[PDB]
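entry.csv follows; it contains CSV, C-alpha atoms and all ligand atoms.
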chain,number,residue,atom,x,y,z
A,1,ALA,CA,-52.3,-16.3,13.5
A,2,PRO,CA,-49.2,-18.5,13.0
A,3,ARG,CA,-47.4,-20.0,16.0
A,4,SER,CA,-44.0,-19.3,14.6
A,5,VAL,CA,-42.8,-16.5,12.3
A,6,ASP,CA,-39.3,-15.6,11.1
A,7,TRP,CA,-39.0,-13.0,8.4
A,8,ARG,CA,-35.3,-13.7,8.0
A,9,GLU,CA,-36.3,-16.8,6.1
A,10,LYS,CA,-38.3,-14.7,3.7
A,11,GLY,CA,-35.5,-12.2,2.8
A,12,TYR,CA,-36.7,-9.2,4.8
A,13,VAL,CA,-33.7,-8.7,7.1
A,14,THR,CA,-30.2,-7.5,6.6
A,15,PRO,CA,-27.3,-8.9,8.7
A,16,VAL,CA,-26.8,-7.7,12.3
A,17,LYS,CA,-25.1,-4.3,12.5
A,18,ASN,CA,-23.2,-2.5,15.3
A,19,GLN,CA,-24.1,1.0,16.4
A,20,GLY,CA,-20.8,1.5,18.3
A,21,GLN,CA,-20.7,4.1,21.1
A,22,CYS,CA,-23.4,6.3,19.7
A,23,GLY,CA,-26.9,6.3,21.1
A,24,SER,CA,-28.4,5.5,17.7
A,25,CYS,CA,-30.3,2.3,18.4
A,26,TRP,CA,-33.5,4.1,17.3
A,27,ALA,CA,-31.9,4.6,13.9
A,28,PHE,CA,-31.0,0.9,13.5
A,29,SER,CA,-34.5,-0.2,14.5
A,30,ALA,CA,-36.0,2.2,12.0
A,31,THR,CA,-33.7,1.2,9.1
A,32,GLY,CA,-34.5,-2.4,9.9
A,33,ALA,CA,-38.2,-1.9,9.8
A,34,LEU,CA,-37.9,0.1,6.5
A,35,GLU,CA,-35.5,-2.4,5.0
A,36,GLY,CA,-38.3,-4.9,5.6
A,37,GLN,CA,-41.1,-2.8,4.1
A,38,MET,CA,-39.0,-1.8,1.1
A,39,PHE,CA,-38.2,-5.5,0.5
A,40,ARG,CA,-42.0,-6.3,0.7
A,41,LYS,CA,-42.7,-3.8,-2.0
A,42,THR,CA,-39.8,-4.1,-4.4
A,43,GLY,CA,-38.4,-7.6,-3.7
A,44,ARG,CA,-34.9,-6.1,-3.2
A,45,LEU,CA,-33.2,-6.0,0.2
A,46,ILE,CA,-31.0,-2.9,0.5
A,47,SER,CA,-29.1,-1.9,3.7
A,48,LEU,CA,-30.1,1.7,4.6
A,49,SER,CA,-28.1,4.5,6.2
A,50,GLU,CA,-28.4,4.9,10.0
A,51,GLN,CA,-25.9,7.8,9.7
A,52,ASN,CA,-28.4,9.6,7.4
A,53,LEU,CA,-31.0,9.4,10.1
A,54,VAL,CA,-28.5,10.4,12.9
A,55,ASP,CA,-27.3,13.4,11.1
A,56,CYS,CA,-30.5,14.7,9.4
A,57,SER,CA,-33.8,13.8,11.3
A,58,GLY,CA,-33.3,16.3,14.1
A,59,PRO,CA,-36.1,18.5,12.6
A,60,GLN,CA,-38.5,15.6,13.2
A,61,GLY,CA,-37.6,15.4,17.0
A,62,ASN,CA,-34.5,13.1,17.0
A,63,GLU,CA,-31.3,14.0,18.9
A,64,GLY,CA,-28.7,12.0,17.1
A,65,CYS,CA,-26.3,10.1,19.3
A,66,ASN,CA,-28.3,11.4,22.3
A,67,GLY,CA,-31.4,9.4,21.3
A,68,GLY,CA,-34.4,9.4,19.0
A,69,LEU,CA,-37.6,7.6,18.1
A,70,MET,CA,-38.3,5.3,15.1
A,71,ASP,CA,-41.5,7.2,14.3
A,72,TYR,CA,-39.5,10.4,14.0
A,73,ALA,CA,-37.2,8.6,11.6
A,74,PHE,CA,-40.1,7.3,9.6
A,75,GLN,CA,-41.4,10.9,9.5
A,76,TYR,CA,-38.1,12.2,8.3
A,77,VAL,CA,-37.9,9.7,5.4
A,78,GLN,CA,-41.4,11.0,4.3
A,79,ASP,CA,-40.7,14.7,4.8
A,80,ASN,CA,-37.3,14.4,3.2
A,81,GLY,CA,-38.5,12.3,0.3
A,82,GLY,CA,-35.9,9.6,0.7
A,83,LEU,CA,-33.1,7.8,2.6
A,84,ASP,CA,-29.7,7.0,1.3
A,85,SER,CA,-28.2,3.5,1.2
A,86,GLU,CA,-25.8,2.2,3.8
A,87,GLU,CA,-23.1,1.8,1.2
A,88,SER,CA,-23.5,5.4,0.0
A,89,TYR,CA,-23.7,7.0,3.5
A,90,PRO,CA,-21.8,4.7,5.8
A,91,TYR,CA,-22.1,4.5,9.6
A,92,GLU,CA,-19.5,6.5,11.6
A,93,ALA,CA,-21.1,6.4,15.1
A,94,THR,CA,-20.8,10.1,15.6
A,95,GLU,CA,-23.1,13.0,14.9
A,96,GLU,CA,-22.1,15.2,11.9
A,97,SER,CA,-23.8,17.6,9.6
A,98,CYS,CA,-26.4,16.2,7.3
A,99,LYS,CA,-25.0,14.9,4.0
A,100,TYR,CA,-28.1,13.4,2.5
A,101,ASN,CA,-28.0,13.2,-1.3
A,102,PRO,CA,-31.2,12.3,-3.1
A,103,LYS,CA,-29.3,10.7,-6.0
A,104,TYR,CA,-28.4,7.9,-3.6
A,105,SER,CA,-31.8,7.5,-2.0
A,106,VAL,CA,-33.0,3.9,-2.2
A,107,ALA,CA,-36.1,4.0,0.1
A,108,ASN,CA,-39.2,6.1,0.9
A,109,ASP,CA,-42.2,6.0,3.1
A,110,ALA,CA,-45.6,7.7,3.3
A,111,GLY,CA,-45.8,7.8,7.1
A,112,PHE,CA,-46.1,5.0,9.6
A,113,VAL,CA,-48.5,3.0,11.8
A,114,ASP,CA,-48.5,2.8,15.6
A,115,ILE,CA,-49.6,-0.6,16.9
A,116,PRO,CA,-52.1,-0.8,19.8
A,117,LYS,CA,-50.2,-1.4,23.0
A,118,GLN,CA,-51.0,-5.1,23.4
A,119,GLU,CA,-48.9,-8.1,22.7
A,120,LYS,CA,-51.9,-9.5,20.8
A,121,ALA,CA,-51.8,-6.6,18.3
A,122,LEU,CA,-48.0,-6.9,18.1
A,123,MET,CA,-48.4,-10.5,17.2
A,124,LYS,CA,-50.9,-9.8,14.5
A,125,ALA,CA,-48.7,-7.1,13.0
A,126,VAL,CA,-45.5,-9.2,13.0
A,127,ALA,CA,-47.5,-12.0,11.3
A,128,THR,CA,-48.9,-9.9,8.5
A,129,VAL,CA,-46.6,-6.9,7.9
A,130,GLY,CA,-43.0,-7.9,8.5
A,131,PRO,CA,-40.4,-6.8,11.0
A,132,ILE,CA,-41.6,-4.3,13.5
A,133,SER,CA,-39.8,-1.5,15.3
A,134,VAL,CA,-40.2,-1.7,19.1
A,135,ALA,CA,-38.8,-0.1,22.2
A,136,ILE,CA,-37.7,-2.2,25.2
A,137,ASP,CA,-36.2,-1.8,28.7
A,138,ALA,CA,-32.6,-3.0,28.0
A,139,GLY,CA,-31.1,-1.5,31.1
A,140,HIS,CA,-30.1,-4.6,33.1
A,141,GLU,CA,-26.8,-6.6,33.4
A,142,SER,CA,-28.8,-9.7,32.3
A,143,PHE,CA,-29.4,-8.1,28.9
A,144,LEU,CA,-25.7,-7.4,28.4
A,145,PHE,CA,-24.6,-11.0,29.1
A,146,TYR,CA,-27.5,-12.7,27.3
A,147,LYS,CA,-26.3,-15.7,25.3
A,148,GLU,CA,-29.3,-18.0,24.6
A,149,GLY,CA,-32.7,-19.0,25.7
A,150,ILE,CA,-35.8,-16.9,26.4
A,151,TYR,CA,-34.8,-13.6,28.1
A,152,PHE,CA,-36.7,-12.8,31.2
A,153,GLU,CA,-35.7,-10.1,33.7
A,154,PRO,CA,-38.1,-9.8,36.7
A,155,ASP,CA,-37.1,-6.1,37.3
A,156,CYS,CA,-38.0,-5.1,33.7
A,157,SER,CA,-40.4,-2.2,33.2
A,158,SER,CA,-43.3,-2.2,30.8
A,159,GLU,CA,-43.5,1.6,30.6
A,160,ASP,CA,-39.9,2.8,30.9
A,161,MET,CA,-38.3,1.6,27.7
A,162,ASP,CA,-34.8,2.9,26.9
A,163,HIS,CA,-33.8,1.0,23.7
A,164,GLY,CA,-35.0,0.5,20.2
A,165,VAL,CA,-34.8,-2.8,18.4
A,166,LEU,CA,-36.6,-4.8,15.7
A,167,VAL,CA,-39.0,-7.8,16.1
A,168,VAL,CA,-38.4,-10.1,13.2
A,169,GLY,CA,-40.6,-12.9,14.3
A,170,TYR,CA,-41.8,-15.0,17.2
A,171,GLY,CA,-41.8,-18.7,18.2
A,172,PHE,CA,-41.7,-21.1,21.1
A,173,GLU,CA,-39.4,-23.6,22.7
A,174,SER,CA,-40.0,-25.8,25.8
A,175,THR,CA,-38.6,-24.4,29.0
A,176,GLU,CA,-38.4,-25.3,32.6
A,177,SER,CA,-40.9,-22.7,33.7
A,178,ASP,CA,-43.3,-23.4,30.7
A,179,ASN,CA,-43.2,-19.8,29.7
A,180,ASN,CA,-42.3,-21.0,26.2
A,181,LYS,CA,-43.2,-18.2,23.8
A,182,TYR,CA,-40.7,-15.5,22.6
A,183,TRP,CA,-40.3,-12.6,20.3
A,184,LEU,CA,-37.3,-12.9,18.0
A,185,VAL,CA,-35.5,-9.6,18.3
A,186,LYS,CA,-32.6,-8.2,16.2
A,187,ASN,CA,-30.3,-5.9,18.2
A,188,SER,CA,-27.7,-3.5,17.0
A,189,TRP,CA,-24.7,-4.5,19.2
A,190,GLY,CA,-23.0,-6.8,16.6
A,191,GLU,CA,-22.9,-10.5,16.1
A,192,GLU,CA,-20.9,-11.2,19.3
A,193,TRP,CA,-23.8,-10.1,21.5
A,194,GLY,CA,-26.5,-12.6,22.4
A,195,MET,CA,-27.3,-15.3,19.8
A,196,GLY,CA,-25.5,-14.0,16.7
A,197,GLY,CA,-26.8,-10.5,17.7
A,198,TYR,CA,-30.4,-11.7,18.4
A,199,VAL,CA,-32.4,-12.2,21.5
A,200,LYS,CA,-35.5,-14.2,22.2
A,201,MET,CA,-37.6,-11.9,24.5
A,202,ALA,CA,-40.3,-13.3,26.6
A,203,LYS,CA,-43.7,-13.1,24.9
A,204,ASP,CA,-47.2,-13.0,26.5
A,205,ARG,CA,-45.6,-12.4,29.9
A,206,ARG,CA,-47.4,-9.1,30.8
A,207,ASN,CA,-45.7,-7.1,28.0
A,208,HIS,CA,-42.3,-8.0,29.3
A,209,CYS,CA,-39.8,-5.1,29.1
A,210,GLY,CA,-42.5,-3.1,27.4
A,211,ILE,CA,-41.9,-4.6,23.9
A,212,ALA,CA,-45.5,-3.9,22.9
A,213,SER,CA,-45.8,-0.4,24.4
A,214,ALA,CA,-44.1,1.5,21.5
A,215,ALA,CA,-44.3,-0.7,18.4
A,216,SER,CA,-44.6,0.7,14.9
A,217,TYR,CA,-43.7,0.3,11.2
A,218,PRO,CA,-43.4,2.5,8.1
A,219,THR,CA,-46.0,2.7,5.4
A,220,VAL,CA,-44.4,1.8,2.0
B,301,LIG,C1,-30.3,3.2,22.4
B,301,LIG,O1,-30.8,2.4,23.5
B,301,LIG,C2,-28.8,3.0,22.2
B,301,LIG,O2,-28.3,3.5,21.3
B,301,LIG,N1,-28.2,2.2,23.1
B,301,LIG,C3,-26.8,1.9,23.1
B,301,LIG,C4,-26.0,3.1,23.5
B,301,LIG,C5,-24.7,3.3,23.0
B,301,LIG,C6,-24.1,4.4,23.4
B,301,LIG,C7,-24.6,5.3,24.2
B,301,LIG,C8,-25.9,5.0,24.7
B,301,LIG,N2,-26.6,3.9,24.3
B,301,LIG,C9,-30.6,4.7,22.7
B,301,LIG,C10,-29.7,5.2,23.8
B,301,LIG,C11,-30.1,6.5,24.4
B,301,LIG,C12,-29.1,7.5,24.2
B,301,LIG,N3,-32.0,4.8,23.1
B,301,LIG,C13,-32.8,5.8,22.5
B,301,LIG,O3,-32.4,6.6,21.8
B,301,LIG,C14,-34.2,5.7,23.0
B,301,LIG,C15,-35.1,4.8,22.1
B,301,LIG,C16,-36.6,4.9,22.4
B,301,LIG,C17,-37.4,4.2,21.4
B,301,LIG,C18,-36.8,4.3,23.8
B,301,LIG,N4,-34.7,7.1,22.9
B,301,LIG,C19,-34.3,8.0,23.7
B,301,LIG,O4,-33.6,7.8,24.7
B,301,LIG,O5,-34.8,9.2,23.4
B,301,LIG,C20,-34.3,10.4,24.1
B,301,LIG,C21,-35.0,11.6,23.6
B,301,LIG,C22,-35.5,12.6,24.4
B,301,LIG,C23,-36.2,13.6,23.9
B,301,LIG,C24,-36.5,13.7,22.5
B,301,LIG,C25,-36.1,12.7,21.7
B,301,LIG,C26,-35.3,11.6,22.2
Please, can you express the file's structure as structure tokens?
Amino acid sequence: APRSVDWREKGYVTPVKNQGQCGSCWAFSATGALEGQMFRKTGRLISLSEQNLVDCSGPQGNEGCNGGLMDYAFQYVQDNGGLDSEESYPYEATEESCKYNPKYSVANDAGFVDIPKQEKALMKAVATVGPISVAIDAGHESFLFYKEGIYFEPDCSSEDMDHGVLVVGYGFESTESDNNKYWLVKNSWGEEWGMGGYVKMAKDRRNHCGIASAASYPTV
């Protein structure tokens, strides 16, 4: 597999978004992964509606601003037969009734794939498929104040993930500790967080923060 991958360079990735004060990270991770697979298929990158998922995918198991799972969002898009664009169904950061409108649907999927819970399998999936939805343990002061470098938090759990994000690649840079590999991760806290809204998460360090425990992507 390649040593460095960055799907932003191949057109698969929209700009960083900001979920506000709604617990909808799962919806931003899911739209990011589906933005990437829709682009793979059609060659057109269209920003997709997180609000659509927040308001409407409750029947698949999601709980709006109180949390959800990317696989439930992928299920919704399939069950529902579509997903509206960001421009047509903009983000309000609050749960409201479902206003999905099929005329404005710009994406679909036929299910999803759950990646084996190993960083080796995550790597192979990122290298071949595109951006991948993942869950991580983001509950640490260090994650809030991240600015640059390879994020490593010794108290990070590999089974208790609380936060959905999007792996858009991986790479390496020399470091003091010679733990040089990272996942390139798009967050949903705006551009002012981290490195333009991205974080380099430690890679091949015992599934740091559980990034490989709940990884998946939609089938397009
Ligand atoms: C996500 O981390 C998030 O949105 N973080 C920022 C934020 C802003 C405002 C309030 C809270 N958080 C989000 C927060 C939890 C509310 N995390 C999730 O939704 C996670 C994601 C998974 C992949 C780990 N899911 C979650 O907590 O699911 C709860 C749940 C319980 C039962 C059934 C379905 C979902």
Distance cut-off 10 Å, centre (-30.4, -21.5, 26.0) in file coordinates, counting all atoms listed in the file: which residues qualify? Return them as a ChimeraX atom specification. /A:146-151,173,175,195,200
May I have the residues from that selection written out with C-alpha atoms, as a PDB file, in the frame of the given file?
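Contents of part-v6.pdb, as written:
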ATOM      1  CA  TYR A 146     -27.500 -12.700  27.300  1.00  0.00           C
ATOM      2  CA  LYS A 147     -26.300 -15.700  25.300  1.00  0.00           C
ATOM      3  CA  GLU A 148     -29.300 -18.000  24.600  1.00  0.00           C
ATOM      4  CA  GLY A 149     -32.700 -19.000  25.700  1.00  0.00           C
ATOM      5  CA  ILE A 150     -35.800 -16.900  26.400  1.00  0.00           C
ATOM      6  CA  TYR A 151     -34.800 -13.600  28.100  1.00  0.00           C
ATOM      7  CA  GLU A 173     -39.400 -23.600  22.700  1.00  0.00           C
ATOM      8  CA  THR A 175     -38.600 -24.400  29.000  1.00  0.00           C
ATOM      9  CA  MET A 195     -27.300 -15.300  19.800  1.00  0.00           C
ATOM     10  CA  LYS A 200     -35.500 -14.200  22.200  1.00  0.00           C
TER      11      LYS A 200
END
Return as a compact mmCIF listing (two decimals) with C-alpha atoms, in the coordinates of the input the residues of protein, DNA or RNA that approach ligand LIG 301 (chain B) to within 6 Å, with all atoms listed in the file taken into account.
# COMPACT_ATOMS: atom_id res chain seq x y z
CA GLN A 21 -20.70 4.10 21.10
CA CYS A 22 -23.40 6.30 19.70
CA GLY A 23 -26.90 6.30 21.10
CA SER A 24 -28.40 5.50 17.70
CA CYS A 25 -30.30 2.30 18.40
CA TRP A 26 -33.50 4.10 17.30
CA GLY A 61 -37.60 15.40 17.00
CA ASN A 62 -34.50 13.10 17.00
CA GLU A 63 -31.30 14.00 18.90
CA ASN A 66 -28.30 11.40 22.30
CA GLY A 67 -31.40 9.40 21.30
CA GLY A 68 -34.40 9.40 19.00
CA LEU A 69 -37.60 7.60 18.10
CA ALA A 135 -38.80 -0.10 22.20
CA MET A 161 -38.30 1.60 27.70
CA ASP A 162 -34.80 2.90 26.90
CA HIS A 163 -33.80 1.00 23.70
CA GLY A 164 -35.00 0.50 20.20
Excluding same-chain residues fewer than 3 positions from residue 183 in chain A, what lies within 7 Å of it counting all atoms listed in the file, as a list in words? residues 167, 169, 170, 171, 200, 201, 202 and 203 of chain A
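Each of A:126, A:139, A:144, A:108 was checked against residue 189 in chain A using all atoms listed in the file; the smallest atom-to-atom distance is that of A:144.
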Any idea what's packed within 12 Å of residue 13 in chain A, counting only C-alpha atoms, ignoring anything in its chain fewer than 2 positions away? Could you give it as an MDAnalysis selection string? chainID A and resid 6:11 15:17 28:29 31:40 43:48 130:132 166:169 185:187
Counting all atoms listed in the file, write as a ChimeraX atom specification all protein and nucleic acid residues lying at most 12 Å from (-45.9, -12.0, 28.5) in the file's frame. /A:118-120,122-123,150-154,156,158,178-183,201-212
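In this comparison, which uses all atoms listed in the file, the residue of A:121, A:93, A:138, A:127 approaching residue 18 in chain A most closely is A:93.
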Range 27-50 of chain A rebuilt with N, CA, C and O atoms, output as a PDB file, in the frame of the given file:
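Below you can see result08.pdb, which holds the result:
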ATOM      1  N   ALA A  27     -32.157   4.516  15.332  1.00  0.00           N
ATOM      2  CA  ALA A  27     -31.900   4.600  13.900  1.00  0.00           C
ATOM      3  C   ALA A  27     -31.774   3.226  13.288  1.00  0.00           C
ATOM      4  O   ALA A  27     -32.232   2.992  12.170  1.00  0.00           O
ATOM      5  N   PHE A  28     -31.144   2.292  14.020  1.00  0.00           N
ATOM      6  CA  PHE A  28     -31.000   0.900  13.500  1.00  0.00           C
ATOM      7  C   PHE A  28     -32.328   0.187  13.530  1.00  0.00           C
ATOM      8  O   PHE A  28     -32.615  -0.590  12.622  1.00  0.00           O
ATOM      9  N   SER A  29     -33.157   0.416  14.546  1.00  0.00           N
ATOM     10  CA  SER A  29     -34.500  -0.200  14.500  1.00  0.00           C
ATOM     11  C   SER A  29     -35.302   0.354  13.345  1.00  0.00           C
ATOM     12  O   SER A  29     -35.999  -0.415  12.666  1.00  0.00           O
ATOM     13  N   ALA A  30     -35.242   1.671  13.100  1.00  0.00           N
ATOM     14  CA  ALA A  30     -36.000   2.200  12.000  1.00  0.00           C
ATOM     15  C   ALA A  30     -35.505   1.738  10.642  1.00  0.00           C
ATOM     16  O   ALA A  30     -36.321   1.428   9.771  1.00  0.00           O
ATOM     17  N   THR A  31     -34.187   1.713  10.411  1.00  0.00           N
ATOM     18  CA  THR A  31     -33.700   1.200   9.100  1.00  0.00           C
ATOM     19  C   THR A  31     -34.103  -0.278   8.954  1.00  0.00           C
ATOM     20  O   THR A  31     -34.402  -0.730   7.845  1.00  0.00           O
ATOM     21  N   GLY A  32     -34.054  -1.044  10.031  1.00  0.00           N
ATOM     22  CA  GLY A  32     -34.500  -2.400   9.900  1.00  0.00           C
ATOM     23  C   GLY A  32     -35.916  -2.573   9.526  1.00  0.00           C
ATOM     24  O   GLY A  32     -36.239  -3.407   8.683  1.00  0.00           O
ATOM     25  N   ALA A  33     -36.810  -1.801  10.143  1.00  0.00           N
ATOM     26  CA  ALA A  33     -38.200  -1.900   9.800  1.00  0.00           C
ATOM     27  C   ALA A  33     -38.431  -1.413   8.316  1.00  0.00           C
ATOM     28  O   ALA A  33     -39.178  -2.033   7.553  1.00  0.00           O
ATOM     29  N   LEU A  34     -37.737  -0.359   7.900  1.00  0.00           N
ATOM     30  CA  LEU A  34     -37.900   0.100   6.500  1.00  0.00           C
ATOM     31  C   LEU A  34     -37.212  -0.759   5.503  1.00  0.00           C
ATOM     32  O   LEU A  34     -37.719  -0.909   4.383  1.00  0.00           O
ATOM     33  N   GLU A  35     -36.078  -1.375   5.861  1.00  0.00           N
ATOM     34  CA  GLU A  35     -35.500  -2.400   5.000  1.00  0.00           C
ATOM     35  C   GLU A  35     -36.520  -3.504   4.734  1.00  0.00           C
ATOM     36  O   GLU A  35     -36.596  -4.022   3.609  1.00  0.00           O
ATOM     37  N   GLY A  36     -37.345  -3.829   5.737  1.00  0.00           N
ATOM     38  CA  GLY A  36     -38.300  -4.900   5.600  1.00  0.00           C
ATOM     39  C   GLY A  36     -39.480  -4.516   4.729  1.00  0.00           C
ATOM     40  O   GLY A  36     -39.924  -5.295   3.883  1.00  0.00           O
ATOM     41  N   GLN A  37     -39.967  -3.283   4.883  1.00  0.00           N
ATOM     42  CA  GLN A  37     -41.100  -2.800   4.100  1.00  0.00           C
ATOM     43  C   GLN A  37     -40.669  -2.530   2.638  1.00  0.00           C
ATOM     44  O   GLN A  37     -41.423  -2.761   1.679  1.00  0.00           O
ATOM     45  N   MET A  38     -39.462  -2.005   2.461  1.00  0.00           N
ATOM     46  CA  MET A  38     -39.000  -1.800   1.100  1.00  0.00           C
ATOM     47  C   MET A  38     -38.845  -3.143   0.389  1.00  0.00           C
ATOM     48  O   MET A  38     -39.237  -3.281  -0.776  1.00  0.00           O
ATOM     49  N   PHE A  39     -38.340  -4.161   1.077  1.00  0.00           N
ATOM     50  CA  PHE A  39     -38.200  -5.500   0.500  1.00  0.00           C
ATOM     51  C   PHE A  39     -39.621  -6.008   0.083  1.00  0.00           C
ATOM     52  O   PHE A  39     -39.797  -6.579  -1.003  1.00  0.00           O
ATOM     53  N   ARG A  40     -40.582  -5.896   0.996  1.00  0.00           N
ATOM     54  CA  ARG A  40     -42.000  -6.300   0.700  1.00  0.00           C
ATOM     55  C   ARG A  40     -42.462  -5.759  -0.575  1.00  0.00           C
ATOM     56  O   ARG A  40     -43.137  -6.448  -1.361  1.00  0.00           O
ATOM     57  N   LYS A  41     -42.120  -4.509  -0.837  1.00  0.00           N
ATOM     58  CA  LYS A  41     -42.700  -3.800  -2.000  1.00  0.00           C
ATOM     59  C   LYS A  41     -41.880  -4.095  -3.252  1.00  0.00           C
ATOM     60  O   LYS A  41     -42.482  -4.443  -4.279  1.00  0.00           O
ATOM     61  N   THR A  42     -40.562  -4.037  -3.206  1.00  0.00           N
ATOM     62  CA  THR A  42     -39.800  -4.100  -4.400  1.00  0.00           C
ATOM     63  C   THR A  42     -39.129  -5.512  -4.618  1.00  0.00           C
ATOM     64  O   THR A  42     -38.581  -5.762  -5.697  1.00  0.00           O
ATOM     65  N   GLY A  43     -39.110  -6.369  -3.601  1.00  0.00           N
ATOM     66  CA  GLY A  43     -38.400  -7.600  -3.700  1.00  0.00           C
ATOM     67  C   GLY A  43     -36.859  -7.469  -3.650  1.00  0.00           C
ATOM     68  O   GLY A  43     -36.161  -8.450  -3.887  1.00  0.00           O
ATOM     69  N   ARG A  44     -36.332  -6.278  -3.362  1.00  0.00           N
ATOM     70  CA  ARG A  44     -34.900  -6.100  -3.200  1.00  0.00           C
ATOM     71  C   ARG A  44     -34.596  -5.637  -1.791  1.00  0.00           C
ATOM     72  O   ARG A  44     -35.226  -4.714  -1.266  1.00  0.00           O
ATOM     73  N   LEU A  45     -33.648  -6.320  -1.161  1.00  0.00           N
ATOM     74  CA  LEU A  45     -33.200  -6.000   0.200  1.00  0.00           C
ATOM     75  C   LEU A  45     -31.957  -5.077   0.045  1.00  0.00           C
ATOM     76  O   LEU A  45     -30.934  -5.512  -0.494  1.00  0.00           O
ATOM     77  N   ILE A  46     -32.057  -3.820   0.513  1.00  0.00           N
ATOM     78  CA  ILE A  46     -31.000  -2.900   0.500  1.00  0.00           C
ATOM     79  C   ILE A  46     -30.723  -2.323   1.868  1.00  0.00           C
ATOM     80  O   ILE A  46     -31.640  -1.742   2.458  1.00  0.00           O
ATOM     81  N   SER A  47     -29.508  -2.477   2.370  1.00  0.00           N
ATOM     82  CA  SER A  47     -29.100  -1.900   3.700  1.00  0.00           C
ATOM     83  C   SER A  47     -29.162  -0.383   3.613  1.00  0.00           C
ATOM     84  O   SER A  47     -28.610   0.223   2.694  1.00  0.00           O
ATOM     85  N   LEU A  48     -29.801   0.232   4.601  1.00  0.00           N
ATOM     86  CA  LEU A  48     -30.100   1.700   4.600  1.00  0.00           C
ATOM     87  C   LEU A  48     -29.202   2.380   5.639  1.00  0.00           C
ATOM     88  O   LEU A  48     -28.688   1.774   6.584  1.00  0.00           O
ATOM     89  N   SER A  49     -29.055   3.691   5.461  1.00  0.00           N
ATOM     90  CA  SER A  49     -28.100   4.500   6.200  1.00  0.00           C
ATOM     91  C   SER A  49     -28.637   4.973   7.542  1.00  0.00           C
ATOM     92  O   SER A  49     -29.419   5.930   7.583  1.00  0.00           O
ATOM     93  N   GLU A  50     -28.188   4.353   8.636  1.00  0.00           N
ATOM     94  CA  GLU A  50     -28.400   4.900  10.000  1.00  0.00           C
ATOM     95  C   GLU A  50     -27.763   6.269  10.116  1.00  0.00           C
ATOM     96  O   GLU A  50     -28.285   7.146  10.808  1.00  0.00           O
TER      97      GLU A  50
END
